[PDB]
Every structure is written in C-alpha cells, then in structure tokens.
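Report on one structure; see the data block that follows.
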Number of protein chains: 2
Amino acid sequence: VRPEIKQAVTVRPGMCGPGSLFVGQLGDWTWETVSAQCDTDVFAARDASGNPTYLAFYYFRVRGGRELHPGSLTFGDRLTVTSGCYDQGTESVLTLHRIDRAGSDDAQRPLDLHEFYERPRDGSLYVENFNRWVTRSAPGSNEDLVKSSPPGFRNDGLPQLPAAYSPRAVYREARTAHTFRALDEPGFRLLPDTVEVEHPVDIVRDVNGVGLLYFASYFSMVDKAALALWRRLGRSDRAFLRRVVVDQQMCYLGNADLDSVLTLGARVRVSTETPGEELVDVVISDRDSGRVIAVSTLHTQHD
Amino acid sequence: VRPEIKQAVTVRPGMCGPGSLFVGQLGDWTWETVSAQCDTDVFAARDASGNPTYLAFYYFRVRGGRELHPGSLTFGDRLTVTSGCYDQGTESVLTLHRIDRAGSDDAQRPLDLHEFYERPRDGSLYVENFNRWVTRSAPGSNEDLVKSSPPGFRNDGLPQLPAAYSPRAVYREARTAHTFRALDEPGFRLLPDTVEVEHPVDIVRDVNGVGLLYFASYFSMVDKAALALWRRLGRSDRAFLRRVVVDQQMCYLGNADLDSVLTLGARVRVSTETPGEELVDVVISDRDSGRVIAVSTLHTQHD
C-alpha cells in the first residue's frame, strides 16, 4: 500500500477565483499523486516506443456545497488536501482529492470511498479525476488519440474500487444523455431558453504545453456557454460572479485541432422546490468532425 | 541575510504553453519568496487597520533567448529555480528568479545582480518582479488603489540594489514612452500597420480571487493585441504559435472595474539587421476613466 498524500495548502492567486485556476491546480495535484503512487514520472511519460504519452483528463467531478465550494477560496485561506489513487487497470487511473479548511474537525481523516460516493459532507470539497493514458495517432493531430500505458506504470497494490462506484457507468450515461443529471429527475423544470455559441479555439489562452486543448480550458468554455445563457435570461454579470457551483461533472470525449471552431450549447433546468437552484448542461461540439468533445453539468445556487 | 530559495521544478501542465500559465507560476513564486524572506504571510496580508493588502504586480520582466525562452518549456522538463528579494523600502519589494535547465553548467550559482542587469546568459531565464503593497480605496472599486505596507514587513537585511539597477527608472520611462525600447533605437523600422481592439473584461477568465483583474491576464490581453496585429499583417495562426519571445516587459499602471471595456493598441518595429526579429508594443487603455492601465514591449523572433 502506497500512502495517501496529505498537504497543508495556503490558497495562492494561481489556484482560485471565478476562472479555471482551481481546476488547473487540481489537475497538477492528480499528476503529482499518480507519479508518487504508480512509480512513474507522469510529467515526462513515454510509451515503450519512445513517444510522449499524456495522462489525459477524461472524467472530472468537483463536489462542494454552500459551506465550501470553489468560489469560497480566497487568497491566504488555509486548507488541508488529502490525495490518493485507485486501481482502474493499466490504461486508466482514478485519483481522489478531499479538501477541507485547515483545523476543521477531523481534517486529518483518510480518504473514505463511502464518504466520497455515498455520504459527502457539506463543508468538504470532493474531487474525482479519472484519467486515461493517450498518444497522438499523427504528429500535429489532436484527433483520434490512441490508448497507451507507459512502461512500468504500477497500478498493482493501488486500492480497489467496488463495482458500485465505477466512473465508467457515470461517463457512459453522460455521453448518451448529454447531462450527468437525468432529464426525468423530479423537482426540476426545463426553461425554453437555450444558447448555441460559436467558439474558435483560443490559441492565446487555451493551448497546453504539448499543443492539445488544455483540460482546464474546457471549464472556461463551459462557463462561457453558461454566461451566454445567464445573459439571454436577462441576469446581471455581477450576479454571475456570485453564482455558487455546488457540483460540477465534465467528460472529455475528445480533444480538437487548434484551428477548430467549436460549438457550445447550453440549457438549464430550474428547481420547483428550492428558489435559485438550477442544473445547467453544456455540450461542446466540433461540427466539422461530427464529434461531441465534451459534456458538463453544473448544479448551481444563485440570488 | 535570509538565504535565497533554490528549488528543483519538473514542468507541470499548469505552468507552460502559449498562454499565461508560466507568468502565473512566476507570480506565485514571488509571493512565496517574499513571504519567506520578509517574515510576512503575503497570501493573507492585512494592514494595521485589518483591511486586506495585496502585494500587487507593478513591473514584470521575463528575459530569455533562443536557447531558453518560455516557449522552450514542455511537460516534464527539469529546471532549477533560484529566487530572492531585494530591498525597495517598506511599500515595495523586488523579487528575482533565475531559471536554468537542471544539470546545466553552474545551475547551482547564486543570484548575481551583475548577471541579471548587465551580462544575461542565452540559456537562462531571468525574471524581475517589482511589486507594490496596495489596498482598495472603496469596497468593490478596482480604481484609485492606495499604497500600504502590512505591519511586520521585514525589508531590513534584504540585500541592496545599486542605483544603476533601479526598476523605477525603467517603468517611469515606459509610462511616458509607451514602450520599454526607445523609438529612436537604431536598427529597427516602424511598420505602418497597427490595431486597436475593444476588449470587455472577461469575467469568466480574467478575474482573480480578490475581484481584481488577474495580473497574468494582462499578458493574455497583450498577446490578444499581438495576435490581432499578426493577423492584420496576413501571418498564420500556426506561425503565431512558433513565435519566440526572447524578452518581455510589463508595467501595471492600473487595475480596472469588472464591467470595464478596455482598449488594446499594438504597433510593431521590424529589425533592419536580423530577419524575423521585431519589437511589439501594446498599450492597454481604460477609455472611460481616461487611464493607461498597462504598457508591454515584446522582443520576438519569428519564421
């Protein structure tokens, strides 16, 4: 058994705010955690062949609550972070992070699958990162990525996930339904208002260090769709900045060439039980290749 | 004398690529370095009064070269980083970072002002961050920030900068000239082509954790201006991604309210001595308040 990684974190400018910095930090922590627990340098990974292999983001969840959500975090906040990986075979790995306020009751507690999957606590942030090793099929192409595994990836002795907690069932349902919250879920009503935004890939902002669309830029693009729909509903920019995201799920179905024009579609369901509570679904399409490259659902509270 | 901070850094997704992630990481390292050397928690700083005080970016330089520039950095690269602060009084502080490739000849060498200011080496990256303590003059206003100093800020015993190496002369000339490279510099020719881009503040991307425009977003906005001018010159997006920035200087003259519409102006001078070498100047204006809020010069090499 490789130990879980606990760290004390003082919130820095580069990991908070209304943008994608927090997600970017979470992803860096996933690569550090897999590197420590799977005896592999994820940052410099190469397949047996010698080609770079990327531990690509595939399913990403951030679950908080009114007591602690990503927008709670300001400069200098003291957090505790507990991280660990779970066996998903040789081509994929699940990494969990729990984030608590430092000196909160039982912040030293270890990872608990039952807590993450069945009894999440309002006041902790729960992060699930399901990642898949991929290589490019052609240099300079971001399409048709190929499954891989770096030589010496040690998934053996990683703790096991029970069948109930499978991220594969979760993301399979999202690719089919274009939501992580089934449309027949009681207590919601679909608004007739939707948006469809043409988004050229932003080569200034959203390209990563290996020439793919940057995983955190998917969260920026989803929020661009969400803001477009917020504005179409006649709500204020000021109010968008006060929006509380208590849960968000993202599936990365594909990457995209850097000259692509993407389409960002957004729809919303409002709670009939709780004022201000709504489910926003965003689908990112690459019309020219015929592909859905992302699905995201946000569970929000606003005023 | 507080020791300089040396660290071994493996390049992570969250600190490289064609965007502003590297600058964002540099800034976080500046706050960590000042915190260690000035016995102050910069992240959670408060003035005597109890109001949050921010160690705001004011003058920022990144100098590399063909052998090592920010676009050299890819996932898993091994670097050494050496960092230290220099006395600029109680209201400001200068932080330097040198970045070398790990196992490069004499990467263990300490900071050397003469090297940074007079004999920079092609193959090292030199970072200068001149930062000023500020508070808001009114809650929810990003204009008319006020000079501050947190109680217990220890600038005493920080090493001294000689008069020759003053960042104040450098940024004073840039606010006046709207360039860091004097217009009468021999060996360049101003192109007639310029751009002026209207840029509404991007509330999805560019807001920091304390509701200011995020310092790294200034580099994104400058590159948005630079790309607009690149396109007006009929150059390809592909070629913009291959652009080498061997030197860049930024002055943060002001911040801006989150409903502002900024103006990004860009002009370029081409080398008459070296094909592909050009100086791009970007000025960021807040027309509605009558303020120049940023100036940047980039020294570039392209193909």
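Following the order of the structure tokens, first chain is A, next is B, and so on, with residues numbered from 1 inside each chain and ligands from 1 in the order they appear.
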(request) Taking the DSSP assignment computed from this structure's backbone, write out as a PyMOL selection string all residues of range 176-275 of chain A that belong to strand (DSSP E). (result) chain A and resi 188-200+244-252+261-271
Counting only C-alpha atoms, which residues in range 153-263 of chain B sit no more than 12 Å from range 240-259 of chain A? For each one, give the nearest pair of atoms and the distance in Å, sorted by chain then residue number, as CSV.
```
residue,atom,partner,partner_atom,distance
B:202,CA,A:241,CA,11.4
B:203,CA,A:241,CA,7.6
B:204,CA,A:241,CA,8.6
B:205,CA,A:241,CA,11.4
B:206,CA,A:241,CA,11.9
B:207,CA,A:241,CA,9.5
B:208,CA,A:241,CA,11.3
B:209,CA,A:241,CA,11.1
B:210,CA,A:241,CA,11.7
B:211,CA,A:241,CA,9.3
B:236,CA,A:259,CA,10.5
B:237,CA,A:259,CA,8.0
B:238,CA,A:258,CA,8.6
B:240,CA,A:258,CA,11.8
B:241,CA,A:258,CA,9.9
B:258,CA,A:241,CA,9.9
B:259,CA,A:241,CA,11.5
```
Those same residues - N, CA, C and O atoms - I'd like them written as an mmCIF file, in the first residue's frame.
```cif
data_model
loop_
_atom_site.group_PDB
_atom_site.id
_atom_site.type_symbol
_atom_site.label_atom_id
_atom_site.label_comp_id
_atom_site.auth_asym_id
_atom_site.auth_seq_id
_atom_site.Cartn_x
_atom_site.Cartn_y
_atom_site.Cartn_z
ATOM 1 N N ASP B 202 -13.033 40.086 -19.293
ATOM 2 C CA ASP B 202 -13.563 38.717 -19.403
ATOM 3 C C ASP B 202 -13.829 38.181 -18.001
ATOM 4 O O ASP B 202 -12.855 37.823 -17.319
ATOM 5 N N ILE B 203 -15.094 38.144 -17.565
ATOM 6 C CA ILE B 203 -15.400 37.814 -16.154
ATOM 7 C C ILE B 203 -15.284 36.301 -15.955
ATOM 8 O O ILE B 203 -15.239 35.897 -14.814
ATOM 9 N N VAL B 204 -15.274 35.527 -17.035
ATOM 10 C CA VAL B 204 -15.149 34.040 -16.984
ATOM 11 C C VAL B 204 -13.692 33.709 -16.739
ATOM 12 O O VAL B 204 -13.470 32.723 -16.027
ATOM 13 N N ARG B 205 -12.763 34.466 -17.344
ATOM 14 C CA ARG B 205 -11.337 34.063 -17.425
ATOM 15 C C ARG B 205 -10.453 34.907 -16.537
ATOM 16 O O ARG B 205 -9.631 34.229 -15.867
ATOM 17 N N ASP B 206 -10.676 36.234 -16.418
ATOM 18 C CA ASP B 206 -9.578 37.143 -16.017
ATOM 19 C C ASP B 206 -9.731 37.812 -14.655
ATOM 20 O O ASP B 206 -9.004 38.735 -14.393
ATOM 21 N N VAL B 207 -10.621 37.318 -13.867
ATOM 22 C CA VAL B 207 -10.862 37.880 -12.522
ATOM 23 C C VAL B 207 -10.092 37.011 -11.546
ATOM 24 O O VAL B 207 -10.170 35.750 -11.632
ATOM 25 N N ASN B 208 -9.408 37.652 -10.604
ATOM 26 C CA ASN B 208 -8.664 36.890 -9.578
ATOM 27 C C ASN B 208 -9.549 36.627 -8.352
ATOM 28 O O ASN B 208 -10.747 37.015 -8.319
ATOM 29 N N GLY B 209 -8.976 35.946 -7.369
ATOM 30 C CA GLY B 209 -9.666 35.511 -6.129
ATOM 31 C C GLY B 209 -10.042 36.635 -5.181
ATOM 32 O O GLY B 209 -10.763 36.328 -4.191
ATOM 33 N N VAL B 210 -9.631 37.872 -5.472
ATOM 34 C CA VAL B 210 -9.997 39.052 -4.640
ATOM 35 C C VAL B 210 -10.742 40.066 -5.498
ATOM 36 O O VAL B 210 -10.925 41.234 -5.055
ATOM 37 N N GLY B 211 -11.213 39.684 -6.682
ATOM 38 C CA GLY B 211 -12.085 40.528 -7.526
ATOM 39 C C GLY B 211 -11.380 41.628 -8.294
ATOM 40 O O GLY B 211 -12.087 42.485 -8.830
ATOM 41 N N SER B 236 0.044 33.642 -40.286
ATOM 42 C CA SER B 236 -0.788 32.453 -39.964
ATOM 43 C C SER B 236 -0.858 32.242 -38.446
ATOM 44 O O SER B 236 0.113 32.552 -37.766
ATOM 45 N N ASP B 237 -1.953 31.654 -37.965
ATOM 46 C CA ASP B 237 -2.133 31.266 -36.543
ATOM 47 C C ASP B 237 -1.053 30.263 -36.176
ATOM 48 O O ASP B 237 -0.462 30.371 -35.096
ATOM 49 N N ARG B 238 -0.765 29.326 -37.078
ATOM 50 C CA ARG B 238 0.296 28.309 -36.929
ATOM 51 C C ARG B 238 1.605 29.018 -36.612
ATOM 52 O O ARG B 238 2.317 28.567 -35.721
ATOM 53 N N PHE B 240 2.105 32.122 -35.460
ATOM 54 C CA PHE B 240 1.972 32.824 -34.153
ATOM 55 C C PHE B 240 2.342 31.850 -33.038
ATOM 56 O O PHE B 240 3.071 32.225 -32.087
ATOM 57 N N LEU B 241 1.906 30.587 -33.159
ATOM 58 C CA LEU B 241 2.278 29.578 -32.146
ATOM 59 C C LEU B 241 3.780 29.273 -32.147
ATOM 60 O O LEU B 241 4.246 28.776 -31.112
ATOM 61 N N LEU B 258 -14.709 45.455 -13.095
ATOM 62 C CA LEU B 258 -15.023 44.216 -13.856
ATOM 63 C C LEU B 258 -16.052 44.447 -14.968
ATOM 64 O O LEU B 258 -16.180 43.587 -15.813
ATOM 65 N N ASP B 259 -16.705 45.614 -15.021
ATOM 66 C CA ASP B 259 -17.600 45.970 -16.151
ATOM 67 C C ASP B 259 -16.911 46.894 -17.157
ATOM 68 O O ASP B 259 -17.587 47.352 -18.106
#
```
Quick check: residues of chain B within 6 Å of chain A, only C-alpha atoms, returned as a compact mmCIF listing (two decimals) with N, CA, C and O atoms, in the first residue's frame.
```txt
# COMPACT_ATOMS: atom_id res chain seq x y z
N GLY B 14 0.22 23.09 -15.59
CA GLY B 14 -0.27 24.38 -15.06
C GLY B 14 0.77 25.49 -15.07
O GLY B 14 0.49 26.55 -14.53
N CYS B 16 3.07 26.06 -18.17
CA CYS B 16 3.70 26.23 -19.51
C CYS B 16 2.66 26.34 -20.61
O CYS B 16 1.43 26.32 -20.35
N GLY B 17 3.14 26.43 -21.84
CA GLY B 17 2.25 26.58 -23.00
C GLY B 17 2.24 28.02 -23.47
O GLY B 17 2.87 28.89 -22.87
N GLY B 19 -0.01 30.24 -23.39
CA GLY B 19 -0.84 31.16 -22.59
C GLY B 19 -0.06 31.81 -21.47
O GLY B 19 1.16 31.95 -21.58
N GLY B 24 1.82 33.11 -14.49
CA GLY B 24 1.05 32.87 -13.24
C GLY B 24 1.87 32.13 -12.18
O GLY B 24 1.82 32.51 -11.00
N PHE B 43 0.11 35.98 1.36
CA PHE B 43 -1.18 35.45 0.86
C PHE B 43 -2.33 36.04 1.67
O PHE B 43 -3.36 36.28 1.09
N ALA B 44 -2.18 36.16 3.00
CA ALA B 44 -3.28 36.61 3.88
C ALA B 44 -3.02 38.02 4.45
O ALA B 44 -3.66 38.37 5.46
N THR B 74 8.31 22.35 -21.87
CA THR B 74 7.26 21.34 -22.13
C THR B 74 7.13 20.47 -20.88
O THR B 74 7.97 20.48 -19.96
N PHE B 75 6.08 19.66 -20.87
CA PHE B 75 5.75 18.80 -19.75
C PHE B 75 6.98 17.94 -19.39
O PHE B 75 7.54 17.24 -20.28
N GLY B 76 7.33 17.95 -18.13
CA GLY B 76 8.36 17.03 -17.60
C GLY B 76 9.76 17.60 -17.70
O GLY B 76 10.70 16.93 -17.13
N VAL B 204 -15.27 35.53 -17.04
CA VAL B 204 -15.15 34.04 -16.98
C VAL B 204 -13.69 33.71 -16.74
O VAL B 204 -13.47 32.72 -16.03
N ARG B 205 -12.76 34.47 -17.34
CA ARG B 205 -11.34 34.06 -17.42
C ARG B 205 -10.45 34.91 -16.54
O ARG B 205 -9.63 34.23 -15.87
N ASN B 208 -9.41 37.65 -10.60
CA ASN B 208 -8.66 36.89 -9.58
C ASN B 208 -9.55 36.63 -8.35
O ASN B 208 -10.75 37.02 -8.32
N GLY B 209 -8.98 35.95 -7.37
CA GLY B 209 -9.67 35.51 -6.13
C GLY B 209 -10.04 36.63 -5.18
O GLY B 209 -10.76 36.33 -4.19
```
All Cα atoms, paired in order, least squares: that's the fit I need for chain A onto chain B, output as a short mmCIF file (atom, residue, chain, number, x, y, z; two decimals) with C-alpha atoms, in the first residue's frame.
```cif
data_model
loop_
_atom_site.label_atom_id
_atom_site.label_comp_id
_atom_site.auth_asym_id
_atom_site.auth_seq_id
_atom_site.Cartn_x
_atom_site.Cartn_y
_atom_site.Cartn_z
CA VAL A 1 20.87 37.69 5.47
CA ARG A 2 17.87 35.37 4.63
CA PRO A 3 19.02 32.64 2.21
CA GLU A 4 17.92 32.62 -1.44
CA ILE A 5 15.43 29.83 -2.24
CA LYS A 6 16.59 27.10 -4.65
CA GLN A 7 14.12 24.53 -5.91
CA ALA A 8 14.14 21.69 -8.44
CA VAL A 9 10.98 22.04 -10.65
CA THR A 10 9.50 19.50 -13.03
CA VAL A 11 7.43 21.44 -15.59
CA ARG A 12 3.70 20.79 -14.92
CA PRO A 13 0.70 21.42 -17.28
CA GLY A 14 -0.27 24.38 -15.06
CA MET A 15 2.96 26.40 -15.74
CA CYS A 16 3.70 26.23 -19.51
CA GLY A 17 2.25 26.58 -23.00
CA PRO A 18 1.47 29.59 -25.22
CA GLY A 19 -0.84 31.16 -22.59
CA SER A 20 -0.22 32.96 -19.29
CA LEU A 21 0.32 29.88 -17.06
CA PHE A 22 4.13 30.34 -16.77
CA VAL A 23 3.70 34.01 -15.73
CA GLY A 24 1.05 32.87 -13.24
CA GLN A 25 3.53 30.35 -11.68
CA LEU A 26 6.30 33.05 -11.55
CA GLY A 27 3.95 35.34 -9.64
CA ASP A 28 3.02 32.62 -7.11
CA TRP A 29 6.82 32.02 -6.60
CA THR A 30 7.29 35.79 -5.99
CA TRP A 31 4.60 35.73 -3.21
CA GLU A 32 6.21 32.55 -1.69
CA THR A 33 9.70 34.12 -1.82
CA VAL A 34 8.66 37.48 -0.23
CA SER A 35 6.71 35.51 2.44
CA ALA A 36 9.86 33.51 3.36
CA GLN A 37 12.36 36.39 3.24
CA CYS A 38 10.20 39.27 4.74
CA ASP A 39 8.60 37.29 7.65
CA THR A 40 5.09 38.13 6.37
CA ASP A 41 2.23 35.90 5.15
CA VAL A 42 1.78 37.70 1.81
CA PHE A 43 -1.18 35.45 0.86
CA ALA A 44 -3.28 36.61 3.88
CA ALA A 45 -1.75 40.12 4.36
CA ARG A 46 -3.77 42.76 6.22
CA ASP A 47 -2.80 46.37 7.03
CA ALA A 48 -2.63 47.60 10.67
CA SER A 49 -6.28 48.64 10.16
CA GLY A 50 -7.35 44.98 9.36
CA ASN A 51 -8.06 45.57 5.58
CA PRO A 52 -6.63 43.09 3.02
CA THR A 53 -3.41 44.38 1.40
CA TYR A 54 -2.27 42.86 -1.91
CA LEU A 55 1.35 42.67 -2.99
CA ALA A 56 0.37 43.88 -6.48
CA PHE A 57 2.47 43.23 -9.58
CA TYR A 58 3.78 46.56 -10.95
CA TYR A 59 6.86 45.87 -13.15
CA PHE A 60 7.43 42.41 -14.61
CA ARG A 61 10.25 41.29 -16.91
CA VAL A 62 10.93 37.86 -18.41
CA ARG A 63 14.24 37.75 -20.31
CA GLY A 64 15.34 34.56 -22.12
CA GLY A 65 16.88 33.95 -25.50
CA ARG A 66 16.83 31.47 -28.41
CA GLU A 67 18.49 28.81 -26.11
CA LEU A 68 15.83 29.08 -23.33
CA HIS A 69 12.57 31.07 -23.53
CA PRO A 70 9.09 30.48 -22.05
CA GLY A 71 8.01 28.54 -25.18
CA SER A 72 11.02 26.10 -24.68
CA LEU A 73 9.20 24.60 -21.62
CA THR A 74 7.26 21.34 -22.13
CA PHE A 75 5.75 18.80 -19.75
CA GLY A 76 8.36 17.03 -17.60
CA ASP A 77 11.31 19.40 -18.33
CA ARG A 78 13.65 19.52 -15.28
CA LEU A 79 14.54 23.06 -14.20
CA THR A 80 16.36 24.70 -11.33
CA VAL A 81 14.88 27.91 -9.92
CA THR A 82 16.79 30.33 -7.73
CA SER A 83 14.78 33.18 -6.04
CA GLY A 84 15.47 36.16 -3.76
CA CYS A 85 14.24 39.60 -2.78
CA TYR A 86 15.98 42.99 -2.79
CA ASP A 87 15.18 45.95 -0.55
CA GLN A 88 12.95 48.65 -2.13
CA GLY A 89 11.71 50.02 1.21
CA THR A 90 8.53 49.23 3.18
CA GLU A 91 5.90 49.79 0.41
CA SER A 92 7.53 47.78 -2.48
CA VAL A 93 9.92 44.84 -2.97
CA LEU A 94 11.92 43.48 -5.91
CA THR A 95 11.97 39.70 -6.38
CA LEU A 96 14.30 37.97 -8.84
CA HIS A 97 14.05 34.41 -10.23
CA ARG A 98 16.67 32.69 -12.35
CA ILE A 99 15.59 29.56 -14.21
CA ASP A 100 18.10 27.15 -15.68
CA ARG A 101 17.77 23.65 -17.17
CA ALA A 102 18.65 21.15 -14.39
CA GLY A 103 22.24 19.76 -14.68
CA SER A 104 23.26 22.77 -16.86
CA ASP A 105 26.83 24.02 -16.06
CA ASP A 106 26.79 26.18 -12.87
CA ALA A 107 22.95 25.99 -12.31
CA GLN A 108 23.75 25.99 -8.53
CA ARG A 109 25.23 29.55 -8.81
CA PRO A 110 23.57 32.18 -6.58
CA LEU A 111 21.70 35.27 -7.76
CA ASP A 112 24.11 37.80 -9.30
CA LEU A 113 22.78 41.31 -9.94
CA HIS A 114 25.56 41.96 -12.44
CA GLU A 115 24.47 38.86 -14.42
CA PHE A 116 20.72 39.89 -14.32
CA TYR A 117 21.22 43.60 -15.20
CA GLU A 118 24.45 43.66 -17.34
CA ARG A 119 25.52 40.10 -18.55
CA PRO A 120 22.42 37.87 -19.01
CA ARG A 121 23.33 34.44 -20.49
CA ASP A 122 21.49 32.93 -23.52
CA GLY A 123 20.21 29.65 -21.96
CA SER A 124 18.97 31.07 -18.60
CA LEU A 125 15.63 32.80 -17.96
CA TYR A 126 15.76 35.93 -15.81
CA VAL A 127 12.61 37.18 -14.05
CA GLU A 128 12.23 40.56 -12.33
CA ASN A 129 9.05 41.20 -10.31
CA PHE A 130 8.69 44.67 -8.73
CA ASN A 131 5.62 44.59 -6.50
CA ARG A 132 3.81 47.30 -4.50
CA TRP A 133 1.55 46.81 -1.44
CA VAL A 134 -1.94 48.24 -2.19
CA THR A 135 -5.43 48.36 -0.64
CA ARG A 136 -8.77 49.29 -2.24
CA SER A 137 -9.92 52.89 -1.59
CA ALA A 138 -13.62 51.69 -1.72
CA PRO A 139 -15.06 48.12 -1.42
CA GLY A 140 -15.97 46.81 -4.88
CA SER A 141 -13.80 49.50 -6.64
CA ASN A 142 -10.67 48.43 -8.58
CA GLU A 143 -9.69 52.11 -9.25
CA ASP A 144 -7.64 54.52 -7.07
CA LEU A 145 -5.77 51.81 -5.14
CA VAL A 146 -3.87 53.12 -2.10
CA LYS A 147 -0.22 52.42 -1.09
CA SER A 148 0.13 50.25 2.01
CA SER A 149 2.53 48.04 3.96
CA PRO A 150 1.50 45.17 6.22
CA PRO A 151 2.62 45.51 9.86
CA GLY A 152 5.84 43.48 10.39
CA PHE A 153 7.02 43.54 6.76
CA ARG A 154 10.82 42.92 7.19
CA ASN A 155 12.64 44.61 4.33
CA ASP A 156 15.64 45.19 6.75
CA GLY A 157 18.63 42.89 5.94
CA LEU A 158 17.23 42.22 2.43
CA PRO A 159 20.23 42.78 0.10
CA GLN A 160 20.59 46.25 -1.53
CA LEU A 161 20.20 47.16 -5.20
CA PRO A 162 22.72 49.72 -6.55
CA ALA A 163 21.31 52.95 -8.08
CA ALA A 164 22.20 51.68 -11.60
CA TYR A 165 19.68 48.78 -11.46
CA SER A 166 16.55 50.74 -10.30
CA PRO A 167 13.28 49.32 -11.75
CA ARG A 168 11.67 52.74 -11.01
CA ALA A 169 13.64 54.49 -13.84
CA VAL A 170 12.68 51.63 -16.22
CA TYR A 171 8.93 51.79 -15.59
CA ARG A 172 8.87 55.64 -15.43
CA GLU A 173 10.31 55.73 -18.99
CA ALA A 174 7.71 53.11 -20.18
CA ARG A 175 4.67 55.10 -18.80
CA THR A 176 5.96 58.18 -20.71
CA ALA A 177 7.14 56.49 -23.98
CA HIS A 178 4.51 53.65 -24.19
CA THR A 179 7.44 51.30 -24.90
CA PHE A 180 10.37 49.82 -22.96
CA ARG A 181 12.56 50.07 -26.15
CA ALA A 182 13.13 53.74 -27.07
CA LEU A 183 11.61 54.63 -30.52
CA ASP A 184 14.98 56.15 -31.60
CA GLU A 185 16.74 52.77 -31.04
CA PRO A 186 18.86 52.14 -34.19
CA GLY A 187 18.35 49.03 -36.38
CA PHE A 188 14.51 48.98 -36.42
CA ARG A 189 11.79 50.33 -38.71
CA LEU A 190 8.19 51.00 -37.57
CA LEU A 191 5.55 49.20 -39.75
CA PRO A 192 2.56 51.44 -40.66
CA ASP A 193 0.13 48.64 -39.63
CA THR A 194 -1.42 48.93 -36.10
CA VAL A 195 -4.52 47.55 -34.33
CA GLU A 196 -6.89 48.91 -31.70
CA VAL A 197 -9.05 46.10 -30.14
CA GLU A 198 -12.06 46.76 -27.86
CA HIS A 199 -11.80 44.18 -25.05
CA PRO A 200 -14.60 43.90 -22.45
CA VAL A 201 -13.14 42.50 -19.18
CA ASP A 202 -13.56 38.72 -19.40
CA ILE A 203 -15.40 37.81 -16.15
CA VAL A 204 -15.15 34.04 -16.98
CA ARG A 205 -11.34 34.06 -17.42
CA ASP A 206 -9.58 37.14 -16.02
CA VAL A 207 -10.86 37.88 -12.52
CA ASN A 208 -8.66 36.89 -9.58
CA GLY A 209 -9.67 35.51 -6.13
CA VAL A 210 -10.00 39.05 -4.64
CA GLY A 211 -12.09 40.53 -7.53
CA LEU A 212 -9.24 42.46 -9.30
CA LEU A 213 -8.14 41.88 -12.91
CA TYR A 214 -5.68 38.98 -12.54
CA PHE A 215 -2.08 40.01 -13.12
CA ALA A 216 -1.40 37.10 -15.53
CA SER A 217 -4.49 38.17 -17.62
CA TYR A 218 -2.50 41.30 -18.59
CA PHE A 219 -0.13 39.01 -20.50
CA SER A 220 -3.16 37.29 -22.15
CA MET A 221 -4.63 40.68 -23.19
CA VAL A 222 -1.25 41.82 -24.60
CA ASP A 223 -1.00 38.56 -26.61
CA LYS A 224 -4.61 39.11 -27.85
CA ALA A 225 -3.45 42.53 -29.20
CA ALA A 226 -0.25 40.93 -30.62
CA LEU A 227 -2.31 38.19 -32.40
CA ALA A 228 -4.69 40.83 -33.86
CA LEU A 229 -1.66 42.72 -35.33
CA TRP A 230 -0.06 39.43 -36.51
CA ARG A 231 -3.32 38.63 -38.41
CA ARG A 232 -3.61 42.20 -39.83
CA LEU A 233 -0.05 41.58 -41.24
CA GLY A 234 -1.53 38.43 -43.01
CA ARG A 235 0.54 35.95 -40.89
CA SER A 236 -0.79 32.45 -39.96
CA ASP A 237 -2.13 31.27 -36.54
CA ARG A 238 0.30 28.31 -36.93
CA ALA A 239 3.21 30.82 -37.20
CA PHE A 240 1.97 32.82 -34.15
CA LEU A 241 2.28 29.58 -32.15
CA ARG A 242 6.00 29.27 -33.26
CA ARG A 243 6.78 32.92 -32.22
CA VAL A 244 9.83 33.12 -29.83
CA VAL A 245 9.56 35.83 -27.11
CA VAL A 246 13.18 36.46 -26.04
CA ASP A 247 12.26 39.41 -23.78
CA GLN A 248 9.08 40.90 -22.39
CA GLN A 249 8.45 43.86 -20.01
CA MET A 250 5.03 44.75 -18.49
CA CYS A 251 4.06 47.79 -16.35
CA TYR A 252 0.72 47.54 -14.43
CA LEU A 253 -0.26 51.25 -14.23
CA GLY A 254 -3.79 50.46 -13.04
CA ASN A 255 -6.39 47.79 -12.40
CA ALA A 256 -9.97 48.11 -13.71
CA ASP A 257 -13.57 47.54 -12.64
CA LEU A 258 -15.02 44.22 -13.86
CA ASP A 259 -17.60 45.97 -16.15
CA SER A 260 -14.86 47.97 -17.99
CA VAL A 261 -14.32 47.92 -21.74
CA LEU A 262 -10.58 48.13 -22.33
CA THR A 263 -8.75 49.13 -25.49
CA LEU A 264 -5.69 47.16 -26.62
CA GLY A 265 -3.40 49.08 -29.01
CA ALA A 266 -0.49 47.42 -30.76
CA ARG A 267 2.32 48.58 -33.06
CA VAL A 268 5.44 46.78 -34.34
CA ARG A 269 9.03 47.63 -35.38
CA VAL A 270 10.95 45.17 -37.60
CA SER A 271 14.75 44.69 -37.42
CA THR A 272 16.69 46.03 -40.47
CA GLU A 273 19.71 43.90 -39.28
CA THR A 274 18.09 40.46 -38.40
CA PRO A 275 15.22 38.91 -40.43
CA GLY A 276 12.25 37.78 -38.24
CA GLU A 277 13.29 39.99 -35.21
CA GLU A 278 10.64 42.57 -34.15
CA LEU A 279 9.59 44.75 -31.17
CA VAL A 280 5.85 44.73 -30.42
CA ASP A 281 4.44 47.49 -28.15
CA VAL A 282 0.99 47.08 -26.54
CA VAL A 283 -0.84 49.79 -24.59
CA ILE A 284 -3.99 48.84 -22.61
CA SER A 285 -6.34 51.83 -22.05
CA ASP A 286 -9.49 52.28 -19.94
CA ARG A 287 -11.08 54.97 -22.18
CA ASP A 288 -13.95 55.63 -19.70
CA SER A 289 -11.60 56.61 -16.78
CA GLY A 290 -9.00 58.28 -19.03
CA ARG A 291 -6.21 55.92 -17.83
CA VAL A 292 -3.43 53.91 -19.47
CA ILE A 293 -3.56 50.80 -17.24
CA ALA A 294 -0.71 48.80 -18.89
CA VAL A 295 2.29 49.01 -21.22
CA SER A 296 4.17 45.97 -22.60
CA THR A 297 7.05 45.53 -25.02
CA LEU A 298 7.86 42.09 -26.51
CA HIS A 299 11.18 41.36 -28.25
CA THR A 300 10.33 38.49 -30.63
CA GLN A 301 11.93 36.18 -33.24
CA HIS A 302 9.64 34.53 -35.84
CA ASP A 303 9.88 32.47 -39.11
#
```
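Every residue of range 16-146 of chain A found in alpha helix (DSSP H) when DSSP is run on the backbone appears here: residues 21, 22, 23, 24, 25, 26, 27, 28, 29, 30, 31, 32, 33, 34, 35, 36, 37, 113, 114, 115, 116 and 117 of chain A.
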